[PDB]
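Peer 1: This one is an experimental structure. Sequence first:
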Amino acid sequence: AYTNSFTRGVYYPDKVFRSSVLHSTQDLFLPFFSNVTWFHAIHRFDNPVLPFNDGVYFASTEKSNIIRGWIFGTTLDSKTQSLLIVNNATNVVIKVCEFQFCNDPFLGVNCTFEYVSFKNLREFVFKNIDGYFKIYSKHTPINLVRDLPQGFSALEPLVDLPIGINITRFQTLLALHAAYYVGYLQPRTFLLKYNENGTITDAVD
Amino acid sequence: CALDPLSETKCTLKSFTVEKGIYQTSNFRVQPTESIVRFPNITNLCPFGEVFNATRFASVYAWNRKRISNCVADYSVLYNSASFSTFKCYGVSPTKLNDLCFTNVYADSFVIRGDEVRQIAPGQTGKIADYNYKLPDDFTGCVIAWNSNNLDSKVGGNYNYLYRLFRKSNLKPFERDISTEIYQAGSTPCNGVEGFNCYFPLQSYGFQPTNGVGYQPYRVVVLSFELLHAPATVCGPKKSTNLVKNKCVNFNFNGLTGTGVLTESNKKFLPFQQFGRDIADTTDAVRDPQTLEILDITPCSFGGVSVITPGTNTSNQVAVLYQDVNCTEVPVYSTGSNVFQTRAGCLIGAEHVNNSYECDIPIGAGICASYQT
Amino acid sequence: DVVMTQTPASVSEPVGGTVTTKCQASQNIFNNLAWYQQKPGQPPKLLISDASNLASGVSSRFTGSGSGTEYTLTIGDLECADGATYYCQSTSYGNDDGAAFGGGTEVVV
Amino acid sequence: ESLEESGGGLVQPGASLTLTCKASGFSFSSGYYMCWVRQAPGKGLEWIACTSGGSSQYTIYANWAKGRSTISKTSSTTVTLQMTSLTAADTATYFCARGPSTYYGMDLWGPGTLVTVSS
Ligand SMILES: *[C@@H]1O[C@H](CO)[C@@H](O)[C@H](O)[C@H]1NC(C)=O
Ligand SMILES: *[C@@H]1O[C@H](CO)[C@@H](O)[C@H](O)[C@H]1NC(C)=O
Ligand SMILES: *[C@@H]1O[C@H](CO)[C@@H](O)[C@H](O)[C@H]1NC(C)=O
Ligand SMILES: *[C@@H]1O[C@H](CO)[C@@H](O)[C@H](O)[C@H]1NC(C)=O
Ligand SMILES: *[C@@H]1O[C@H](CO)[C@@H](O)[C@H](O)[C@H]1NC(C)=O
Ligand SMILES: *[C@@H]1O[C@H](CO)[C@@H](O)[C@H](O)[C@H]1NC(C)=O
Ligand SMILES: *[C@@H]1O[C@H](CO)[C@@H](O)[C@H](O)[C@H]1NC(C)=O
Ligand SMILES: *[C@@H]1O[C@H](CO)[C@@H](O)[C@H](O)[C@H]1NC(C)=O
Ligand SMILES: *[C@@H]1O[C@H](CO)[C@@H](O)[C@H](O)[C@H]1NC(C)=O
């Protein structure tokens, strides 16, 4: 099952501030009205393996926060060093340690780098450029439970950790005692409309 | 060509007679007053506070070993502390230790009585140095010990601290051995712990507050260093010079390295954003990394320098118009008695007159200068 | 290199009195000071080290105190043989702080 | 123990001089520093340089004589120090003193030698 991402998937390309300026940037983005992939997790139903291919846009709408973390690695089966992010209520954990995981690892209800920091829809972009791993996030409320709604919402950077490990494959975690969308980025020039306050209110491909 | 504005006009015109009018001769330019670098605050400050003011140090024979790397080691806290009385340290000056950058740091922390505090030094021989902890001859570390009689010693003598007094050989530089093999001597029949010429190599000395200062325990830490044979991971802090506003100063905020005047800006910034740019891709506002506020930057005042003069035959008196600049920063001309300000610029050497006549030497923005009685 | 400023240049005290000599540094030395007595025609002799410790064969009359940047040397019960020049010197051998002496201070009985 | 100096005396202005200190009864271990000090005929002591003993080659120069002195350990019992571009102000008495690695004061001072820079 697929869906089409109307306008979502745009982030601030850099920490530069601009006011009332239409600024054109050539960067890795998610195309407008592009078909992105749907996944189910209720009822069985499991999460499959995904590639990276120059960045991932991940948008999960949740009620009880089934999503619990991400795995980014070429192999991530204890073969080579792999980035691991685990989101717990206590704190967010980022490791590079090698771990062996089965085909369908479920969660009950050497390390090189480390970091510690359906009404709800969590939007994210994870990218790897110039050896830098970048995260952009938003948590706008959605009143539509069928699909992501028509509209726009900019994405704000949260972490710029230099992991330095090439990623060509990615997996998500779920909780077992819930659909989510995955898009794809590629170089596509955008024209972003900066507000008087610096917020990106509109963008054109 | 530099004596006075009339001479500058003559040089630019390449003629010894200058006709009545306004002639642009040179370019005004305000040089930066100074340089300010407001670098951000500490990225990863792992201190030696817990290493030094620890709950209890380890025994001298098996000392507390710590590795310091991938940090910003603040040596200033150690430098400012006057409680240290045996700062017997080599290779680096205490004041320049912050500037010095090393790949690795080793912390060897233990307790030593005042009698053998001397023995904690390279090239020194003694029972404690040769049995518990020895320093290398090529010692680049930093030895710091301070009094702890009020903390370590207890009533009736303290026995939680153990040291080795008997050993057949001497410890090689930076060697730890907790095996504590039984000491043997003479005919060596001592299979157990006690025998002829046999004693336990480990022992404990009662530490008392009323004991002599030489026998009083001191807390001692050795900061072993090493040369730059690799990219450095632990280093010192950076500069935190002050900020100056309403003055043309070269500034460095988070590597911006821009030159201009700084003012408080009414424009708002998003928390992640650190600086702003114009429609022409030129920086116009910077968020200060040290303190979160916005500073509007505008380029150093500059503009043409024009000489307004009548015919050199009529008179040799001239006026100077600095185009598009306010007279406050113009001096950064000799005839400072009258200095008038107009939209065209700052005019020096001419007096304003309420009366209006036909234009003779246009200046700009509806103002003309003329030579009259 | 740290510099030693030793005052007063010349002092005069009667027999049995006390004479105090002040030594100041440009940076913090953390003790590591040595007080010396030099008689004319004789190489300097050590009196006090570590700014508080007295060596063997040194009378208890000599006493050094102070910490940080300011140091003091006092000599009690002055004797006829005590007439000499006293010096203060940092003992930083391989610390880049140097071991420069201060201005010599002669004493008059 | 004892310390002795040799190689001093009259030196022509603008020339170079070499001074050697020889020890008797001990060796230049890594726990002792060989230091050099000078004394003007009517002035106080002026420190020159030091060199760590043992296998260490660490050496510290003074600010005034950073480029005009060369101190190095030739042997476990003998040390040498060289002056360059001698002037009349360098006429002084050189003392060879040892300094323990514990950073105590200098003990066992040498008798000293006089060097005169004149023609
Ligand atoms: C989405 O677009 C892709 C690429 O053109 C296409 O293969 C796919 O069939 C589309 N999905 C739907 C549901 O139309
Ligand atoms: C971490 O991962 C592997 C696991 O086999 C280990 O052998 C290797 O030395 C480590 N790599 C780095 C770069 O530290
Ligand atoms: C990208 O992955 C390849 C393996 O296909 C690896 O050789 C290369 O070093 C990686 N590049 C970076 C920047 O990590
Ligand atoms: C811009 O100004 C404030 C800044 O907080 C913001 O709340 C307001 O909604 C913004 N105005 C518009 C028209 O978007
Ligand atoms: C350190 O930098 C931070 C940056 O947020 C600033 O708020 C703070 O005042 C600075 N100084 C101290 C002593 O924390
Ligand atoms: C911790 O140790 C440091 C060593 O520099 C000292 O300055 C500081 O006062 C100590 N802290 C307390 C709370 O005693
Ligand atoms: C200046 O005026 C004088 C007298 O009025 C005249 O002779 C001369 O030619 C004039 N010079 C110029 C350059 O016009
Ligand atoms: C300089 O002139 C400008 C332009 O008229 C004026 O707004 C400003 O207040 C003046 N600045 C100073 C420092 O007097
Ligand atoms: C021109 O008029 C002003 C009032 O606007 C008057 O005060 C002033 O004297 C006149 N200017 C000069 C330079 O005399």
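Peer 2: That came in fine, so what should we check first? Numbering: from 1, shown residues only, chains lettered A, B, ... in the order given. Ligands and ions are numbered 1, 2, ... in the order given.
Peer 1: Which parts of chain D are strands?
Peer 2: Taking DSSP state E to define them, one finds strands in chain D at D:2-6, D:9-11, D:17-24, D:32-39, D:45-52, D:59-61, D:69-72, D:78-83, D:92-100, D:113-117.
Peer 1: Residue A:143: which of these is closest?
Peer 2: For residue A:143, the closest of the strands of chain D is strand D:59-61, at 75.3 Å, according to Cβ to Cβ. C-betas here are computed from N, CA, C, even on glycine.
Peer 1: For ligand 7, see how far away the residue of chain B found nearest ligand 4 is.
Peer 2: Ligand 4 sits closest to residue B:268 of chain B, with a gap of 5.9 Å, by Cβ to the nearest ligand atom. According to Cβ to the nearest ligand atom, to the nearest Å, residue B:268 and ligand 7 sit 60 Å apart.
Peer 1: For the closest residue to that residue other than its chain neighbours, which residues are in contact?
Peer 2: Nearest-residue entry for residue B:268: residue A:197, 5.7 Å, with adjacent residues in sequence omitted and distances by Cβ to Cβ, 6 or more residues apart in numbering or on different chains. The neighbours of residue A:197, taking Cβ atoms under 8 Å, 6 or more residues apart in numbering or on different chains as the test, are A:19, B:268, B:270.
Peer 1: which bits of chain B sit near chain C?
Peer 2: Applying Cβ under 8 Å from any Cβ of the partner chain, one finds that chain B approaches chain C through B:79, B:82, B:84-96.
Peer 1: rerun at 10 Å
Peer 2: Proximity of chain B to chain C, by Cβ under 10 Å from any Cβ of the partner chain, involves residues B:79-96, B:118, B:122, B:139-140, B:142, B:144.
Peer 1: List only buried entries from those residues.
Peer 2: Burial by neighbour count, 16 or more other Cβ atoms under 10 Å in any protein chain shown: within the residues of chain B next to chain C this picks out B:79, B:84-94, B:118, B:122, B:139-140, B:142, B:144.
Peer 1: ok, whichever residue of chain C sits closest to ligand 6 - how many residues close by?
Peer 2: Ligand 6 sits closest to residue C:30 of chain C, with a gap of 12.1 Å, by Cβ to the nearest ligand atom. Close neighbours of residue C:30, defined as other Cβ atoms under 10 Å in any protein chain shown, add up to 23.
Peer 1: so is it in a helix, a strand, or just coil?
Peer 2: coil (DSSP: H, G, I helix; E, B strand; the rest coil).
Peer 1: Hmm, residue C:67 and it touching each other?
Peer 2: Yes - counting by Cβ atoms under 10 Å, residue C:67 is a contact partner of residue C:30 at 8.2 Å.
Peer 1: so what's in contact with the two at the same time?
Peer 2: Common contacts of residue C:30 and residue C:67 (Cβ atoms under 10 Å, 6 or more residues apart in numbering or on different chains): B:82, B:84-85, C:51.
Peer 1: List the ones among these that fall in helices.
Peer 2: Counting by DSSP state H, no part of the shared contacts of residue C:30 and residue C:67 is found in helices.
Peer 1: with those in mind, which one is nearest to ligand 7?
Peer 2: Distances from ligand 7 to those, taken by Cβ to the nearest ligand atom, are shortest for residue B:82, at 80.3 Å.
Peer 1: State the distance from the closest one to residue B:76.
Peer 2: Taking Cβ to Cβ, to the nearest Å as the measure, residue B:82 and residue B:76 are separated by 13 Å.
Peer 1: mind checking the longest strand of chain A?
Peer 2: Chain A, longest strand under DSSP E: strand A:120-129.
Peer 1: ok, what's across the strand from the residue of the stretch 151-300 of chain B found nearest chain A?
Peer 2: Per Cβ to the nearest Cβ, residue B:276 is where the stretch 151-300 of chain B lies closest to chain A, at 3.6 Å. Here residue B:276 sits in beta bridges with residue A:17, residue B:285, as judged by DSSP bridges.
Peer 1: Can you name the residues that contact it?
Peer 2: A:15-19, A:21, A:194, A:198, B:265, B:267, B:269, B:283-287, B:294, B:296-297.
Peer 1: now those: which count as buried?
Peer 2: Here, 16+ other Cβ under 10 Å leaves A:15-19, A:194, A:198, B:265, B:269, B:283-287, B:294, B:296-297 buried among those.
Peer 1: which non-adjacent residue is nearest residue A:91?
Peer 2: residue A:116 (5.4 Å).
Peer 1: which bits of chain A sit near chain B?
Peer 2: Residues of chain A lying near chain B (Cβ under 10 Å from any Cβ): A:12, A:14-23, A:136, A:154, A:156-158, A:194, A:196-199.
Peer 1: Test of understanding: give the bridge partners of the residue nearest in space to the middle of chain D.
Peer 2: Nearest residue to the geometric centre of chain D (Cα atoms, centre = their mean): residue D:36, 3.0 Å. For residue D:36, the beta-bridge partners under DSSP bridges are residue D:49, residue D:96.
Peer 1: quick one: it and residue C:93, what's the gap?
Peer 2: In terms of Cβ to Cβ, residue D:36 sits 12 Å off from residue C:93.
Peer 1: shared neighbours, those two?
Peer 2: In contact with both residue D:36 and residue C:93: C:99, D:50-51, using Cβ under 10 Å, 6+ apart.
Peer 1: can I get those residues in CSV with distance to chain A and neighbour count?
Peer 2: As requested, the shared contacts of residue D:36 and residue C:93 are exported to CSV (distance: Cβ to the nearest Cβ, whole Å; neighbours: other Cβ atoms under 10 Å in any protein chain shown):
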residue, distance to chain A, neighbour count
C:99, 46, 29
D:50, 44, 25
D:51, 43, 23
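Peer 1: Residue C:70 - nearest residue in space that isn't next to it in sequence?
Peer 2: residue C:24 (5.8 Å).
Peer 1: That neighbour is in contact with residue C:69, isn't it?
Peer 2: Yes - judged on Cβ under 10 Å, residue C:24 makes contact with residue C:69 at a distance of 6.3 Å.
Peer 1: pretty sure residue C:49 is touching residue D:104, no?
Peer 2: Yes - applying Cβ under 10 Å, one finds residue C:49 in contact with residue D:104, separated by 4.3 Å.
Peer 1: What strand or helix carries the residue in chain C positioned nearest to chain D?
Peer 2: Per Cβ to the nearest Cβ, residue C:34 is where chain C lies closest to chain D, at 2.9 Å. Using DSSP states H and E, residue C:34 maps to strand C:33-38.
Peer 1: Does the next helix or strand after that strand reach chain B?
Peer 2: Using DSSP H and E, the helix or strand that follows strand C:33-38 in sequence is strand C:45-49. No - between strand C:45-49 and chain B, judged by Cβ under 10 Å from any Cβ, nothing touches; the nearest distance is 10.8 Å.
Peer 1: Pairing partners for strand C:45-49, with directions?
Peer 2: Here, using DSSP bridges, strand C:45-49 pairs with strand C:33-38 (antiparallel), strand C:53-54 (antiparallel).
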